[PDB]
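Input: a single structure, listed below in structure tokens.
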Protein chains: 4
Amino acid sequence: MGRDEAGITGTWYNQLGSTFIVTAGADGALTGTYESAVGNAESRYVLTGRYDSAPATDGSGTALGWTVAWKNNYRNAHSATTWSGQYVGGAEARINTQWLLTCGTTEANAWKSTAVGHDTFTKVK
Amino acid sequence: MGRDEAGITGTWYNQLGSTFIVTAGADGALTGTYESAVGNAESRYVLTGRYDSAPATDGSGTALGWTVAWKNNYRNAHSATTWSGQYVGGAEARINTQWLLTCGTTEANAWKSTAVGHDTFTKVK
Amino acid sequence: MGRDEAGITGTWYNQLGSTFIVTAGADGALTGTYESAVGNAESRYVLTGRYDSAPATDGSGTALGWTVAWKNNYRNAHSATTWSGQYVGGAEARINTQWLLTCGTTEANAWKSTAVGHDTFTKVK
Amino acid sequence: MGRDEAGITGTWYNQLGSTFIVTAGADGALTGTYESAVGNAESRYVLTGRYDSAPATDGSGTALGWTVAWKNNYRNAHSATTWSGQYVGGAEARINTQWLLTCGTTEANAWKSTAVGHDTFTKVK
Ligand SMILES: O=C(CCCC[C@@H]1SC[C@@H]2NC(=O)N[C@@H]21)NCCCN(CCc1ccccn1)CCc1ccccn1
Ligand SMILES: O=C(CCCC[C@@H]1SC[C@@H]2NC(=O)N[C@@H]21)NCCCN(CCc1ccccn1)CCc1ccccn1
Ligand SMILES: O=C(CCCC[C@@H]1SC[C@@H]2NC(=O)N[C@@H]21)NCCCN(CCc1ccccn1)CCc1ccccn1
Ligand SMILES: O=C(CCCC[C@@H]1SC[C@@H]2NC(=O)N[C@@H]21)NCCCN(CCc1ccccn1)CCc1ccccn1
Ligand SMILES: [Cu+2]
Ligand SMILES: [Cu+2]
Ligand SMILES: [Cu+2]
Ligand SMILES: [Cu+2]
Ligand SMILES: [Cu+2]
Ligand SMILES: [Cu+2]
Ligand SMILES: [Cu+2]
Ligand SMILES: [Cu+2]
Ligand SMILES: [Cu+2]
Ligand SMILES: [Cu+2]
Ligand SMILES: [Cu+2]
Ligand SMILES: [Cu+2]
């Protein structure tokens with residue numbers, strides 16, 4: 001089993017009020033659903049990702065990332081977000097991320113295809 | 001089946017000489033392996049991601065993303081990369097991406113945890 | 001004079017304890033000094049940048065950016081950071097930024113030349 | 001005078017057809033004008049930035065960055081772009097950059113305030 005498998009598995013919330021539901025597998029897999037409180041999104045979207053299942057023991061965080069394509073049974077926003085970050089355990093566990101949101105564009109609009117931002121996830125709120 | 005399921009599935013190469021082997025599923029899943037020609041990496045790493053399986057028909061690209069955690073049977077670089085981008089079909093098919101590489105760090109080093117860059121993948125080279 | 005010339009001019013502090021001293025000119029110029037609490041840096045570095053001197057009046061923030069090259073009389077870290085963001089006035093004024101730190105590299109190391117992060121500046125601390 | 005003062009000073013063009021006119025000062029300053037071939041922009045905009053005026057001599061590039069606020073006498077797009085990158089001299093001199101474009105937004109739209117991309121500048125085209 002992964003070092004932080006139990007620490008990562010569960011329900012997380014970011015500063016926007018979005019809900020990140022994830023299961024960390026012993027093999028390094030991340031699976032679950034994402035519900036965004038903002039943007040062209042409603043209800044849950046499939047997510048998949050990976051995490052370091054044997055992290056350093058020097059107090060460093062645990063690197064991880066995941067992807068949502070913004071298509072479900074309700075809506076298709078023709079776009080995908082990837083979150084890249086690290087899990088930090090302890091009393092106030094956190095997943096600190098930066099993200100890249102790419103829209104499908106024509107080639108003439110490709111220069112403005114990608115948004116960047118940062119989300120912090122906690123176990124509360 | 002996804003609109004670009006056949007277009008995306010296969011072997012891709014980026015400008016560094018890295019090899020991206022991916023299968024696009026009818027459900028929007030991306031699965032496969034990544035081999036980086038640079039950095040603290042050797043041989044293949046598991047990847048997983050998502051793509052828009054019903055993209056726009058106005059000539060826009062197909063949004064997608066995937067994650068590699070840099071742990072395999074040979075090495076563990078305690079880090080993860082996410083690629084966010086779009087697939088562009090046609091004679092010279094391309095996957096144009098930007099990426100975020102996060103290292104697990106102490107909190108004192110978290111400000112410098114994340115590298116950003118851009119990779120273009122083609123079916124040749 | 002710029003709409004937020006007086007709001008922006010002054011001393012700001014980010015979450016790392018770095019000090020951003022800036023003067024906003026009527027013409028859209030930003031001038032001043034930056035002192036980083038972290039990294040290969042000591043004492044003050046020259047900065048220059050630009051801001052929107054006639055922002056929207058619909059409650060939107062004021063877009064701005066600036067650059068530091070990490071060379072002064074004490075040290076040269078062969079690198080430059082740019083901050084891109086917006087000023088938000090009011091009781092708890094803030095400058096919310098994302099930044100790109102590029103190191104001079106050989107071409108073989110150029111893929112890992114750039115760090116990305118986010119700093120929030122306030123008038124206190 | 002800066003090591004690459006003469007190498008950097010002049011007219012540059014990126015892959016979009018935008019024109020970057022810059023003067024590198026002996027003190028590390030960058031001054032000039034930017035004309036974007038795309039987006040909410042017409043004619044020239046003021047730019048200012050900084051570069052490493054005493055770079056490494058091991059073949060590494062020269063770190064630099066600059067800012068444009070997208071306001072001039074013709075238009076105001078209430079936004080600013082910062083380019084962060086490095087100058088690479090030689091027969092085919094290049095300035096390789098990544099950039100952050102921030103729009104002034106309401107707080108409700110701040111999550112989508114920032115675009116990210118990459119521009120390569122050459123002395124031809
Ligand atoms: O809302 C969505 C899906 C929901 C996204 C929610 C985000 S994930 C990161 C963050 N954390 C979170 O919990 N929730 C948010 N997806 C399309 C987003 C529309 N774009 C316009 C289309 C377009 C056309 C042409 C060029 C570019 N886009 C947004 C505008 C924009 C700004 C900057 C860069 C790219 N796009
Ligand atoms: O090599 C690796 C794994 C291989 C990465 C290969 C990359 S994926 C994007 C690109 N496309 C590709 O095909 N191949 C490359 N992983 C650790 C990378 C070491 N870092 C030092 C550790 C550290 C300690 C403290 C703070 C930050 N890192 C790299 C240095 C760095 C620079 C900037 C930002 C973050 N880290
Ligand atoms: O410390 C510095 C100067 C001080 C930077 C302070 C930063 S500004 C953003 C932030 N807000 C703030 O208030 N303070 C910090 N400058 C070089 C930074 C060394 N790098 C290693 C050299 C190298 C060699 C080869 C490839 C890449 N770098 C850092 C490691 C790194 C990680 C990821 C991407 C790039 N570089
Ligand atoms: O065109 C401009 C000014 C010209 C920009 C030209 C760019 S510089 C980088 C690149 N290299 C170059 O040579 N030329 C381009 N400036 C506003 C740009 C409108 N935005 C909509 C407003 C808005 C409202 C709410 C939230 C976000 N924006 C663009 C859409 C967008 C997508 C993603 C992230 C942010 N904004
Ligand atoms: Cu949009
Ligand atoms: Cu280890
Ligand atoms: Cu978009
Ligand atoms: Cu490293
Ligand atoms: Cu559609
Ligand atoms: Cu690293
Ligand atoms: Cu370093
Ligand atoms: Cu206006
Ligand atoms: Cu560096
Ligand atoms: Cu726009
Ligand atoms: Cu030196
Ligand atoms: Cu915008």
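Here, residue 1 is simply the first one shown, and the rest follow in order.
Each residue, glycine too, has its Cβ placed from N, Cα and C.
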Checking Swiss-Prot, the member of B:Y45, B:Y51 that binds biotin with B:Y34, B:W83, B:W99, B:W111 is B:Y45
Once DSSP output is merged into helix, strand and coil, B:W83 (biotin binding site) belongs to strand
Of all listed binding-site residues, namely B:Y34, B:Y45, B:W83, B:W99, B:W111, those lying near chain C with CB under 8 A: B:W111
Taking DSSP states H, G and I as helix and E and B as strand, how many residues of the expression tag (B:1-4) are helix, strand and coil? 0 helix, 0 strand, 4 coil
